[PDB]
Amino acid sequence: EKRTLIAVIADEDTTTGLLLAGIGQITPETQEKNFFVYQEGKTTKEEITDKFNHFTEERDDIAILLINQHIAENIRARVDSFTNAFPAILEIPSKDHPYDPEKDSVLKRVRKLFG
Amino acid sequence: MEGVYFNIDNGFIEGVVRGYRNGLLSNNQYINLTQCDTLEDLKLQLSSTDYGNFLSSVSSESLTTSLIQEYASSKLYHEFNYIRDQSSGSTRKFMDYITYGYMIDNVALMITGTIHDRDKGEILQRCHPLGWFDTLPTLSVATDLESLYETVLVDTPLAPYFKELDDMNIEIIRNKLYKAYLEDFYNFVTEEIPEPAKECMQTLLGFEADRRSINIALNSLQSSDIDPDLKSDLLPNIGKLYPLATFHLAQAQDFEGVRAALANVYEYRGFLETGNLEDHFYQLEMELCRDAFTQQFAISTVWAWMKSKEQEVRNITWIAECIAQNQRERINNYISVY
Amino acid sequence: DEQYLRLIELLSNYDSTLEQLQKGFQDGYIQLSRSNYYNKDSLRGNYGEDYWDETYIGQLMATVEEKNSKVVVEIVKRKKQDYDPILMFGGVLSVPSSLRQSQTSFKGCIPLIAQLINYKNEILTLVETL
Amino acid sequence: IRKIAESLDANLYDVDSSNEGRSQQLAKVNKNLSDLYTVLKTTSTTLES
């Protein structure tokens, strides 16, 4: 399996926390930046959509894509339009936005079964 | 007497700085800030203080704690720049010395961004406005201490303080620069600053040196590359810990040795025996700055106001964090003395 | 069928892992904020992008394997490089203890991240079965 | 030297040679400036209108 790297689409404080956790900024050999630092207001939807596509489609080594739930909600249409199970996407809490189960995809999918 | 000649050049400056001190948030204003539950409410309450409409250019949704801290600090910086523009002679030198620490911060920030391959423009935008020098952007060219010193730092006011790079090396260089700068600023106060401000500034710089010495002593324990000879090169020689406790800490290898060395001084015992070490230093700095405001014809008022506003921005930023992140149990963990 | 009972059990574990992850992130964020307080040793008053090492390869990598229809993703402590991330922030002499506490909280979040991803994939696979 | 000059916001340029062989680059720049003057006049006449 080639997918071994962790990609992050997070804000500044979440990026600091994930770096402190030991997640790496670049690919160890290709030296390709697998972090995207989202800045509120200054970063438009097109940038984060492009980076989501980059970490999910063009990169064949990204195993996990950590994205802040408010960034994911910003592009929830694009995030839910993604169906491939190879890059595992997880929504993580942000500094000022706690994890909102309203926006959980798993809970809505369980809703779909009506039981 | 202090008031006899002080007002010839510093009467206007000192009156303006004391107006700034009157602008420091009181305990009631801090309580009103604490009562806020949204950052917009925090902005509303903070507009009832001398911060005023400093966030009026920021929309309600764009408001973040980083923005609040940045704008409060910018207000601080503009006030300091105005006070320094009205300064001449020894007061101008005093405020230049105040800026030299921010110069050291900017140098270390530039080198840290360079070795980390951060964007040059981002590092320059993140540089402290105080402590800016013209050749600061040129510090991105090299990652070698000798190369940057010959290229840039030899022409800066930090040149006397210097008598490839990694994170630990940058840390060592920054702390050596601080040791030399604190010693030079202490000497400048001793020789060129009149008596009440001289004693107040000697006490404040000694406290800053002691804080750095205790931090270095306690943080060298969790490191193996910090040789006991290197610790001597990092501990300033102006504080109350110098030279007895400074020598004791330069040789210690355990926390108990550091605590026994700090039991030497009656000023800093209990710092290690209870609470948080940094809370004790912040409280002591605010107590000393509050006492420096009891001197009426002292230029140490500028330093006291500067440190009090830095602490005030820290407090307001903490309250903003305990508003944004919820966490309202820790919202009162700020140092206030005014 | 008992598959719905296992779905309920997986949802319970997912809820517990969400709660643990949220608590860990809250602790890490508030301790990082309290590191912005106590910024006297910081380069610029903040522990953040000023210290981010864009050449930093992490201490962690992900491992993806497949057994039957279930897919498992695990984060392991592999892949001087790959140093302690506290050193990015001047972690030897110029960090508060609250920054180390924040790092501890986020390093605790990492196993919770892996468990949460595994639970989410397991729930999705079981739902696809039903 | 290039990094030092660019740190001072200096616009560095690549001159072909220390001899008159740079005349071809000068002609190329003259062509580019001629086209750019045409475009600039086209834009500026509408803007001033």
Exercise. How long is segment B:224-332 along each principal axis, judged by its Cα atoms, biggest number first, in Å?
Worked result: 43, 43, 25
Seminar exercise, completed: Exposed GluC sites (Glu not before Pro) being those in a DSSP loop with at most 11 other Cβ atoms within 10 Å, the longest stretch of chain A free of them is A:30-115
Exercise. At what distance in angstrom do the alpha carbon centres of segment C:1-79 and segment B:162-176 lie from each other?
Worked result: 32
Exercise. Kirkwood-based Rg over Rh for segment B:200-245 (C-alpha set), two decimals?
Worked result: 1.02
For this session: Please list, in chain and number order, the residues 5+ apart from residue B:132 or on another chain whose amide H is under 5 Å from its amide H, with Hs placed from the backbone.
Result: none
Exercise. How well do other chains shield peptide A:83-95, expressed as the mean number of their Cβ atoms within 10 Å of each residue Cβ?
Worked result: 5
Exercise. What is the Rg over Rh value, at two decimals, for segment B:153-226, using alpha-carbon atoms and the Kirkwood definition of Rh?
Worked result: 1.05
Problem set entry | DSSP bridge pairs, the protein assembly as shown: antiparallel proportion in percent, nearest 5 | 40
Problem set entry | Cα radius of gyration and Dmax for segment B:151-293 (Å) | 15.7, 47
Exercise. What does the charge dipole of chain C about its Cα centre add up to, to the nearest 20 debye, if the Cβ of each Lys and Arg holds +1 and the Cβ of each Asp and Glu holds -1?
Worked result: 520
Exercise. Which residues' amide hydrogens lie under 5 Å from the amide hydrogen of residue C:63, considering only partners 5 or more residues apart or on another chain, with H built in the peptide plane?
Worked result: C:74, C:75, C:76
Problem set entry | Nearest-20 debye value, chain A charge dipole, Cβ charges on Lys, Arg, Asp, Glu | 440
Seminar exercise, completed: With -39,500 (n - 2.57) per DSSP H segment of 4 or more residues and division by the full residue count of chain B, the 222 nm estimate, nearest 500 deg cm²/dmol, is -20000 deg cm²/dmol
Problem set entry | Semi-axes of the equivalent ellipsoid for segment B:92-197, Cα gyration tensor, largest first, Å | 26, 14, 11
Problem set entry | Charge-dipole axis of chain A as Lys and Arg at +1 and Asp and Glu at -1 on Cβ define it, positive-most pick from A:24, A:115, A:67 | A:115
Seminar exercise, completed: Of all GluC sites (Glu not before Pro) in segment B:295-338, the ones in DSSP coil with at most 12 other Cβ atoms within 10 Å are B:329
Problem set entry | Volume of the Cα convex hull of chain B, divided per residue and given in Å³ | 152
Seminar exercise, completed: With N residues in segment B:1-138, Rg(alpha-carbon) / (2.2 N^0.38 Å) equals 1.29
Problem set entry | Alpha carbon Rg of the protein assembly as shown, scaled by the compact-globule rule 2.2 N^0.38 Å | 1.09
Exercise. If you rank B:213, B:224, A:94 by fewest surrounding Cβ atoms within 10 Å, what's the result?
Worked result: B:224, A:94, B:213
Exercise. Quick one: Karplus J couplings for segment D:28-39, per residue in order, coefficients 6.51, -1.76, 1.60, θ = phi - 60°, nearest Hz, x for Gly and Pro?
Worked result: 4, 5, 4, 5, 4, 5, 5, 4, 5, 5, 4, 5
Exercise. What does the convex hull of the Cα atoms of segment B:195-274 come to per residue, in Å³, rounded to a whole number?
Worked result: 83
Exercise. What does the convex hull of the alpha-carbon atoms of segment B:90-131 project to on average, in nm²?
Worked result: 2.6
Seminar exercise, completed: Per the 1/(1 + (r/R0)^6) rule, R0 = 45 Å and r from the Cβ atoms of residue B:260 and residue C:23, FRET efficiency to 0.05 is 0.75
For this session: Count, for each residue of C:93-103, the Cβ atoms from other chains sitting within 10 Å of its Cβ, then give me the mean as a whole number.
Result: 5
For this session: Fewest Cβ neighbours within 10 Å first, please rank C:73, B:141, D:39, B:302 accordingly.
Result: D:39, B:141, C:73, B:302
Seminar exercise, completed: Beyond 24 Å (Cα-Cα) in this structure, taken from A:33/B:176; B:163/B:231; B:120/B:163; C:23/C:120; B:75/B:163, we find A:33/B:176; B:120/B:163; B:75/B:163
For this session: Could you work out the mean projected area of the convex hull around the alpha carbons of segment B:120-175, in square nanometres to one decimal?
Result: 4.1
Problem set entry | Burial ordering of A:112, B:120, A:51, A:95, fewest other beta-carbon atoms within 10 Å first | A:112, B:120, A:51, A:95
For this session: Step through the residues of segment B:296-307 one at a time and calculate ³J(HN,Hα) from phi using the Karplus curve (6.51 cos²θ - 1.76 cosθ + 1.60, θ = phi - 60°), rounding each to whole Hz and writing x for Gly and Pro.
Result: 8, 10, 10, 7, 4, 4, 5, 5, 4, 5, 4, 5
Exercise. Efficiency by 1/(1 + (r/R0)^6): what FRET value for residue C:16 and residue A:103, r their Cβ-Cβ distance, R0 = 22 Å, to the nearest 0.05?
Worked result: 0.70
Problem set entry | Convex hull per residue volume in Å³, alpha carbons only, for chain A | 118
Problem set entry | For chain C, alpha-carbon Rg relative to the globular expectation (2.2 N^0.38 Å, N residues) | 1.33
Problem set entry | Per-residue HN-Hα couplings for segment A:98-113 [Karplus 6.51, -1.76, 1.60; θ = phi - 60°; Hz; x = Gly/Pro] | x, 4, 9, x, 4, 8, 5, 6, 5, 5, 5, 5, 5, 3, 4, 6
Exercise. Want the number for residue C:130 to residue C:97: 0.36 nm per residue separation, take away the alpha-carbon distance, what's left?
Worked result: 7.0 nm
Exercise. Beyond 12 Å, what share of the Cα-Cα pairs of segment B:49-94 remains, rounded to the nearest whole percent?
Worked result: 68
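Where a number appears in this text, it was derived from the coordinates with a stated rule and is not lab data. Methodologically, a virtual Cβ is constructed for each residue, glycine included, from the backbone with ideal geometry; neighbour enumeration extends over all protein chains shown.
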